[PDB]
Structure formats: structure tokens, C-alpha cells
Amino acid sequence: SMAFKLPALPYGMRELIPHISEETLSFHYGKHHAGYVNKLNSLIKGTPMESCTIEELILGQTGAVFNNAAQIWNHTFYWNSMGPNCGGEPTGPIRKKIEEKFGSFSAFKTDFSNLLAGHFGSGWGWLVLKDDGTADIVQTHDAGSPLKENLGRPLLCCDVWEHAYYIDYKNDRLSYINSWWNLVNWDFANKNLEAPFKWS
């Protein structure tokens, strides 16, 4: 089979408690993310797109094929941007990049929280490495991709589609954002500084 496969979650579904619940991971990974994979496969089965990489589909396609391919990528990136036993202050190369751009971790936390809180409708917040070598924050809408929009190399992302938080926080996206800081996986950011993430 040439079908795309959903990459494994990097942790069990209870490991992000109390910040993101079991029930949220069960639906967000088990229904939404799994759903994007199944839908993409349905759309490209028997077509010449069958042998494309996910990045090739993101860069080269539009419409439903784009939307599903990009969401598959974005969610895999999201799960890796979080973890159990993470959070807290940035360490290593990403700490230097954050200080160089924002002056301090606290300023970054303020700016990125405001960006995440401010996004209207469905979308994503990203910490990226720009071509000039400096860090920045950007947002995309719906399935929007920093790859397609050439916004920089993704380092971390936070999903602000309502399904990411509604089970646990209902309309209170700000409490979800505050909780997400307890989960952020700086090691993933540091790996992405070494080399761009390639989906597999």
C-alpha cells in the first residue's frame, strides 16, 4: 500500500494531564488527526498524487488535498512541540534565539500568547527560524502552512482550532494557552534548529 500512515503519538494519551486531558488527546489525535490521514488517502487513491511526499502535496496542491495534507503535517508537528516533563524555561540554542529576538523568555511568552489568543477563527501559531537566522512568531489560518507560505522554518507550533481545547477549557482559549506553556518541548525546537523537521 502507498497510503499515508498516521505517525504514532510521542506519548500515551494520559501523559499531558492536567494540561491537556486524555479525552482531548483521544479525540484530537484519534479522531481529527486520524481523520485527516484517512481523508487524504481517499482523495489521492489511484491518482498520480499517490506517490507524492506530504511536503510535495502541501507545496503543489490546492483545495481539499492541500487542506488534509497540511493538517496531517501541522498536527504531527504539534504533538512533537509538546511533551510530558517539558515546559518551563527554554534551554540550549533556542533560549539564545528567543533572547536575541524578544529580549527575554517572558517577552516571548507575552507576544506568542497574545498572537495565539488573538487569532480569529481556526488556525495555528508558530515559532519559526527566518532566513536571516533570527527567530520570529507567525500565524496561519485554517490549514495554512509555513512551508507553503514560506514564513520560515517551523520550530514549534500551537493549535488554536477550537477542538484543540474545547473539551478541557470550552471558550477559555487563554487558559489553554497558559497550560500549553507547561507542555512546550524545547528539545523539539532545538532539533528543528539543527535541521528542518521532515514528516515521516
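Residue positions are given as counts along the sequence shown, with the first one as 1.
Higher mean CA B-factor, judged across 38-46 and 146-154 from the recorded values: 38-46. Comparing 120-128 with 101-109, the higher mean C-alpha B-factor in the PDB entry belongs to 101-109. The residue among 114, 81, 74, 85 whose C-alpha carries the highest B-factor in the deposited model is 85.
Across 67, 140, 134, 175, the entry's maximum B-factor at the CA atom is seen for 134. In this PDB entry, the Cα temperature factor of residue 179 sits in the top third of its chain's modelled residues, the highest group. When the modelled residues of the chain are ordered by their C-alpha B factor, residue 164 lands in the lowest third. Ranked within its chain, residue 53 lands in the highest third, by CA B factor from the PDB record. The PDB entry assigns residue 26 a C-alpha temperature factor belonging to the middle third of its chain's modelled residues.
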